[PDB]
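Visitor: coordinates only, sequence not included:
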Ligand SMILES: *[C@@H]1O[C@H](CO)[C@@H](O[C@@H]2O[C@H](CO)[C@@H](O[C@@H]3O[C@H](CO[C@H]4O[C@H](CO)[C@@H](O)[C@H](O)[C@@H]4O)[C@@H](O)[C@H](O[C@H]4O[C@H](CO)[C@@H](O)[C@H](O)[C@@H]4O)[C@@H]3O)[C@H](O)[C@H]2NC(C)=O)[C@H](O)[C@H]1NC(C)=O
Ligand SMILES: *[C@@H]1O[C@H](CO)[C@@H](O[C@@H]2O[C@H](CO)[C@@H](O)[C@H](O)[C@H]2NC(C)=O)[C@H](O)[C@H]1NC(C)=O
Ligand SMILES: *[C@@H]1O[C@H](CO)[C@@H](O[C@@H]2O[C@H](CO)[C@@H](O)[C@H](O)[C@H]2NC(C)=O)[C@H](O)[C@H]1NC(C)=O
Ligand SMILES: *[C@@H]1O[C@H](CO)[C@@H](O)[C@H](O)[C@H]1NC(C)=O
Ligand SMILES: *[C@@H]1O[C@H](CO)[C@@H](O)[C@H](O)[C@H]1NC(C)=O
Ligand SMILES: *[C@@H]1O[C@H](CO)[C@@H](O)[C@H](O)[C@H]1NC(C)=O
Ligand SMILES: [Ca+2]
Ligand SMILES: [Ca+2]
Ligand SMILES: [Ca+2]
Ligand SMILES: [Ca+2]
Ligand SMILES: [Mg+2]
């Protein structure tokens, strides 16, 4: 609620797409992006650095390589603070690979160091296609010596049009025999391959078409001869006759060839082919379709007229199996489309990875970079732009990345990744809510508190709705314990204005109002009539945000004429060097900076020196005077919450206007101040972090009507002037919860008769109906049934105050429709901090009516208790009770009671599926060792570190007949812990019939073995897991005289029933089981 | 019935208290020293007190059905509803809708021209004489138009040089046309043969990225018929593509951050703006499209059938058509169009101001007895069988006279529903009895409202200096109560609650007992801030659509619903848009129980009883195996892999769904008896 909308800085540099993407640089500067700032030949854009000192933007020097074209840099930005560095990107680089160009991306790292240029600037060369063409030629005696040199001249010709090593050739000639003139190995090695072409001589002889074909693919197309393994296999043939004497047939050859995948062409000569007996050997020979892989001819000479045509059919080769689909890799991934840093090197995001799946390339410290896609075993995620947006997620442990996939199944999903030692797998994910919603656009890891461990994560979906298309941002905390994660710890902020594009961008802003609760900003350039807009929210406690925003600075703030503002924004850094953080929001044409005005708030204390009125100037009399009694009222003012503004100037001096007024609501002033003589007064006085107490003089007229109702005195107070030394504060202000209206009461000595002395006698007692054990997690509301007495004079403005630990406060009950032997009662309660360090009082005066005679009354007061309630292993609470006429005497009548407190914990255990259920028929003898393996995994989603002890139950002895021997428990991935061992004998019932019911072998039948594996401190989120194994004997199997028996092991986790418990009521997730089977017959 | 007293100064301030609030005008009804606020109770209480029946001013909500002549409008009546709406009280008016006949049709064929749509262009290039033939039965002289589309010109949606750009055609290069995105080939015309022959003309094209940019074409079509032309009756479109679809946000890839304006700007029946222009958002159609009475008919491959299926949920009037990759059964699409497109009767309204809340009812023809919900979704009504929607309009406060409309989505018939703020209760003026109220005040239905400076039930008292002994009688609720509950000084029997210049704060009541600040909080706001609800003497009167002690359970809606549209899946009541999943089922919609044993035992017996046929063991199956479904598809999630009845490791995933022990399996076509 403290975003300046008057005295701010504005940079309006008109450079096309300027102010389209912006980021906080090293605190002294702010960098803006102008992707469409045309430079040279359809090339880059350019960046601009701007300082606060002088309202002006200076161009930034850059060595734009001729390689990077139309990359329009600045589109994607990112900055770190560790050491200050910045990062810009051209996610539209164009490199011409001939037939078609693509998009690679190119970024730059600047700073107070070396101007690095990282992909890193291996100008991403085009893709190399591998082809292994094999010329096959008929050398039968039918061909003349003249038509030979002409054909081999056409061969060399079709060989030159190609370039190696991306292309390869191997020749064979086939008549009655088969000569391999040169192999694939003798082509890439021979500096002059065509030198071997004019070296071959004709064969004449017979003709065995099909025979050669097999002699070609089962030799020349071996990786042995040199034919590259991962290659495209092409085979061409040139013949002038059918196959006669051909001891083979196409019915055998064609199939196994297509297996390796070999496109087959054909070029004939004679026109005897255009008969219906010599036309089928072009179709059969070639691969389907037949009308594409053939180019018959009459003349060997004009065979080179189609030398011009064969150019194409071979180059157009891509892939023929799944009806010429369209696969990819990293040609149009526009890396750097979105980038974010992290302690272990920067991280740019690719989009067009493979099936446009997506991912992100990580760059370590001059170590070669890594990369994280989703694997291919992940069938889905086609066309989702995984990595459209990227953000960090630091934690007390290792880092965690997050990528936005706007179009997963065309709806939008967001996926979080972890980088475990030698793993780099997926943590979890969440689908979108609606189709086209675009769930994934924006993301921001933010910190509800300031513990440094990213608590939650925001998500964007500007194009979403159900009735109103305002937009949609989604709050999604970061649960630890993979395979479970919800973007629904409830909420999602919006607005009541369709077509607003709310969630287009957003950034952590941090602590601005100083209540230890980080606050975030969110853009929406579509609000109003295309006009811009921005929003401000606040955290609460842990994973949560406040739906109701405090501010909504939009494009109506004398932003004379900008169309859509808020496209992007980043804040959190102090750049104007006026103490507190700043915010930068980009807009079309210009970019603004909104500072945060210091918010201090103050505490107050009120009192009336003369506690009450002594009845002296009460009912009064009318011989002689008004001896107007003189009451003193002392008020004090002091400011305490400060942490951000720190000591020194401003955080101290600050004048204020005070406005005291007595019995305001009534047109019958019960008194007046002396200084001014009015029923109210004002005086401007200086405040400090040190209290300022001043008492004023009050004049009560001797005679007065109403005395029962105390006289009220409230103060209106603000912050006047706002001149403070330098103009380095300018404007301070107050917070949202500003109870600027504080009132204190002054009672009267009620006439309790012409005598009888007015004895104040009130007792009190309360309890907790049905309250069982009270653990922190369950039992959030705390129902207190307080009864109270009045064995003395009437108490009028009787008050009832409680003392309680910080971990709870009072909330109004407001129960009604018609129930009780109970509350009925309108009462006013005011919480407030009291004791030295921890406890504090919530007073509650029974507002507007009397408590008479020996009458008792009971009301209900409930205290919400926080899930993270810091309080001793016991919590006490008291109840002071007294009349409006204060406590005139000695021994207080307080009533207290102390309760045992426990704390919520979530503790679960599963039976990992690496479990040995191995039964099988080969059971000839009684052997020993096919050791079974019962792996148990455990983890706690609680919110506190707590010692535990994981118990086990493994069967062994069974009437002297061991079940499985030498059983121990391994504890990998974790220190060598200490585990206990103890044998025990079950009840000894008739086991014969027992397991006949159920083949199961629980510990109740066979002498089991308990393992007590203690644990020092089971830190939350710790998935501490371990397994147990032992050679499993087959001997005991006969002891019971059945088959298909199954032995079970039980594993139950435990912890001190006292102090800790489990939350939901009762979950047996702390008791897993693993049933192995020993079915072995014969 | 029900009536809690707000500040009651006149008969009108009694009406602004609630629906069940009545007022009595009968004079001499006030006792020796009784409150004037007593005149405002419930009708029953008034009669029990003595207040005559004809003295009970009771403005109730009702409806004015000014029906037209005929040919005013066709099957939406009434045509003009002039409601007189009292706040808090609902006015109900019915809506008869009996669709009559097929009006002039107007089709438009949005075909994606790709290399994958080759045999589509061949088996469709000219089959339109059977379209008018399929149009002949129901409708008469309709219209037929065509529009082509591919994807944005500039990359990364398709290589932008080089002269592959002049020749995108893969490998065949049969003189395909230049890469485009929207070419209006044919305008809406009567002829049919001229239409076919103008289509075959153009050949396909090609692009890079797999999904298409067909959405941009959508808007450009229904954007400016000042150049394309459109009939003033019906307008049906039909999407056709064996590819995906790009929406807003994807344009940022092509260095374009200029959103969609909504209007097309062509110069040669061909877009040249889509490049300097971003993609239409997903929701930018259900508005603009449904505004021009146009409705696409999804008809693509089975590979893209269930993706457009989720799209059917959002946008209104749209059907899904799975067809072969040859587009041969394309004309049967429209036999399935009118099938459930003439079926979706809609009944929404212009975005009303927040000061109003509208609902409807539904009485479909085949069986359905629906009640209380927006829209008018009755997918079981067609030609000549009327329907029934009960429109109930309620207000929160005394609105200002305004007017809105209730249209049927995809229909030009406008129903101008007038709305009148009915609150005031006429009775008399200050010509009758300038006497009582001792001249310094007027009279209104009995009581007298005094001037700024005169007060009392007969303007007899003045706002300075007064008080009596037992005038303090009805001035305190009971014998053991403080006068006027404090915060109020009693004058002439009754109390004048003091005033507080503090936001929200306000005292009121006979004995000044109630305030509008001391209620139950919520999110650090009184009764849920001014947005959600309000405060009145402790209890919160939450605005419409909000319930709870303090509007705590903020919404009466159910976001607890999934796409399945069953609350919280398996188990979990839907409280406050939150599910209470039984056992360890986790949020939000209660499907995954992470800690559960992921039980494959006891399932093997039934796995070989469904995929393989190795003997339903205990009995048969489909009885001991209510995991009824065994989709022939790669479902996944609970990747299980255990053994069979005799040796072999039978693999199979296990995708659970919704309630209790309901499942969906694909048992691998494989075994392992090693
Ligand atoms: C990141 O994401 C990718 C994709 O989502 C995961 O899966 C990769 O998917 C592609 C699918 O195309 C795999 O394909 C690779 O093709 C290369 C060349 O193209 C061949 O394949 C096409 C299709 O058959 C042919 O038509 C063409 O003629 C080629 O034969 C191969 O060279 C790749 O390498 C394979 O062989 C090489 C030989 O040098 C071996 O070194 C490799 O081990 C590998 O077997 C490959 O066949 C590709 O295999 C997939 N990548 C991986 C690592 O499996 C990736 O898994 C994922 N990346 C990581 C690191 O997780
Ligand atoms: C970059 O390319 C664009 C086109 O992609 C050029 O814009 C115009 O393009 C048309 C069509 O090719 C040409 O006929 C015009 O001559 C171009 N305009 C101008 C002013 O040259 C654009 O010129 C190119 N920019 C640069 C500087 O290379
Ligand atoms: C403290 O409170 C009073 C009342 O709010 C202020 O008096 C002004 O009174 C009028 C109504 O009569 C309000 O509309 C104004 O908002 C009040 N102040 C203004 C002008 O904003 C009084 O000024 C306050 N005391 C000071 C000076 O701090
Ligand atoms: C004196 O009293 C009047 C009425 O209460 C008030 O309006 C005025 O501000 C006061 N004047 C001073 C000087 O305090
Ligand atoms: C109630 O307890 C608080 C605790 O500090 C104390 O300040 C107050 O005086 C007590 N009230 C009385 C008068 O008993
Ligand atoms: C509307 O229709 C329903 C059901 O047919 C009927 O009960 C009700 O009386 C009708 N309402 C009006 C205002 O006629
Ligand atoms: Ca945090
Ligand atoms: Ca803060
Ligand atoms: Ca600053
Ligand atoms: Ca097709
Ligand atoms: Mg020959």
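Guide: The structure has been received and is ready for your questions. Numbers count the residues shown, from 1 in each chain, chains lettered A, B, ... in the order given. Ligands and ions are numbered 1, 2, ... in the order given.
Visitor: how about residue B:38, secondary structure?
Guide: Secondary structure state of residue B:38, per DSSP: H, G, I helix; E, B strand; the rest coil, is helix.
Visitor: quick one: contacts for the closest residue to it other than its chain neighbours?
Guide: Among residues not flanking residue B:38 along the chain, residue B:30 sits closest, at 7.1 Å (Cβ to Cβ, 6 or more residues apart in numbering or on different chains). For the C-beta atoms, the positions are set from N, CA and C on the backbone; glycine is no exception. Listed by Cβ atoms under 8 Å, 6 or more residues apart in numbering or on different chains, the contact set of residue B:30 reads B:36, B:38-39, B:447, B:457.
Visitor: just those now: which is nearest ligand 3?
Guide: residue B:36 (28.1 Å; Cβ to the nearest ligand atom).
Visitor: could you find the closest non-adjacent residue to that closest one?
Guide: Distances taken as Cβ to Cβ, 6+ apart place residue B:447 nearest to residue B:36, at 5.0 Å, with adjacent residues excluded.
Visitor: touching, the one you found and residue B:12? I think so.
Guide: No. Using Cβ atoms under 8 Å, residue B:447 is not in contact with residue B:12, being 11.5 Å away.
Visitor: neighbour count winner among those two?
Guide: It is residue B:447, of residue B:447 and residue B:12, that has more neighbours when counted by other Cβ atoms under 10 Å in any protein chain shown, with 24 against 17.
Visitor: residue contacts, the more buried one?
Guide: Applying Cβ under 8 Å, 6+ apart, the residues near residue B:447 are B:10-11, B:30, B:36, B:39, B:457.
Visitor: equivalent analysis for residue A:110, please.
Guide: For residue A:110, the contact set (Cβ under 8 Å, 6+ apart) comprises A:60, A:85-88.
Visitor: how about it, phi and psi?
Guide: Main-chain torsions, residue A:110, degrees, to the nearest 10: phi -110, psi -160.
Visitor: across the sheet, point out what pairs with it.
Guide: For residue A:110, the beta-bridge partners under DSSP bridges are residue A:86.
Visitor: show me which residues of the stretch 201-350 of chain A are close to ligand 11?
Guide: A:240-241 (Cβ under 5 Å from the ion).
Visitor: for the nearest residue to residue B:639 once chain neighbours are set aside, give its distance to residue B:632.
Guide: Distances taken as Cβ to Cβ, 6+ apart put residue B:653 closest to residue B:639, at 5.3 Å, once the chain neighbours are dropped. Separation of residue B:653 from residue B:632 (Cβ to Cβ, to the nearest Å) stands at 13 Å.
Visitor: and these two? Which one has more around it.
Guide: Higher neighbour count among residue B:653 and residue B:632: residue B:653, with 17 against 7, using other Cβ under 10 Å.
Visitor: surely that one is within a strand?
Guide: Yes. Counting by three-state DSSP, residue B:653 is part of a strand.
Visitor: who touches it in this structure?
Guide: Listed by Cβ under 8 Å, 6+ apart, the contact partners of residue B:653 are B:634-640, B:665-666.
Visitor: that one pairs with what?
Guide: residue B:666.
Visitor: now the phi/psi pair for residue B:271, please.
Guide: Residue torsions, per degrees, to the nearest 10, at residue B:271 are phi -60, psi 140.
Visitor: what residues does it make contact with?
Guide: Residues near residue B:271 by Cβ under 8 Å, 6+ apart: B:180-183, B:216-217, B:220, B:264.
Visitor: coming back round to it: among the contacts of residue B:30, who's most crowded?
Guide: The most neighbours of any of these, using other Cβ under 10 Å, belong to residue B:39, which has 26 neighbours.
Visitor: among the contacts of residue A:110, which are in reach of ligand 8?
Guide: Among these, not one lies near ligand 8 by Cβ under 5 Å from the ion.
Visitor: closest to ligand 9 out of the residues you listed?
Guide: Checking the contacts of residue A:110 against ligand 9 with Cβ to the ion, the nearest one is residue A:86 at 19.3 Å.
Visitor: so the closest one is in contact with residue A:112, correct?
Guide: No. With contact defined as Cβ under 8 Å, residue A:86 does not reach residue A:112; the gap is 10.4 Å.
Visitor: count of neighbours near the residue of the stretch 501-650 of chain A found nearest ligand 3?
Guide: Among the residues of the stretch 501-650 of chain A, residue A:637 lies nearest to ligand 3; the distance is 13.2 Å by Cβ to the nearest ligand atom. A count of nearby residues for residue A:637, using other Cβ under 10 Å, gives 21.
Visitor: run through the bridge partners of it.
Guide: Counting by DSSP bridges, residue A:637 forms beta bridges with residue A:604, residue A:692.
Visitor: wait, what's in contact with it?
Guide: By Cβ under 8 Å, 6+ apart, the residues touching residue A:637 are A:602-604, A:656, A:687, A:691-693, A:717.
Visitor: scan those and report the most crowded one.
Guide: Neighbour count (other Cβ under 10 Å) singles out residue A:717 as the most crowded of these, with 22 neighbours.
Visitor: next one: that residue from residue A:604, what distance?
Guide: Distance of residue A:717 to residue A:604, computed by Cβ to Cβ: 8 Å.
Visitor: export the contacts of residue B:447 to CSV and tack on distance to ligand 10?
Guide: Putting the contacts of residue B:447 into CSV (distance: Cβ to the ion, whole Å) gives the following:
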residue, distance to ligand 10
B:10, 75
B:11, 74
B:30, 87
B:36, 82
B:39, 79
B:457, 87
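Visitor: nearest to ligand 7 among those?
Guide: Checking those one by one against ligand 7 (Cβ to the ion), the nearest turns out to be residue B:10, at 56.1 Å.
Visitor: how near is that closest one to ligand 4?
Guide: 30 Å (Cβ to the nearest ligand atom, to the nearest Å).
Visitor: what number of residues lie near that residue?
Guide: By the measure other Cβ under 10 Å, the count of residues near residue B:10 is 20.
Visitor: residue B:667 too?
Guide: Neighbour count of residue B:667, defined by other Cβ under 10 Å: 17.
Visitor: can you check the one 4 residues further on too?
Guide: Residue B:671 sits with 16 neighbouring residues when counted by other Cβ under 10 Å.
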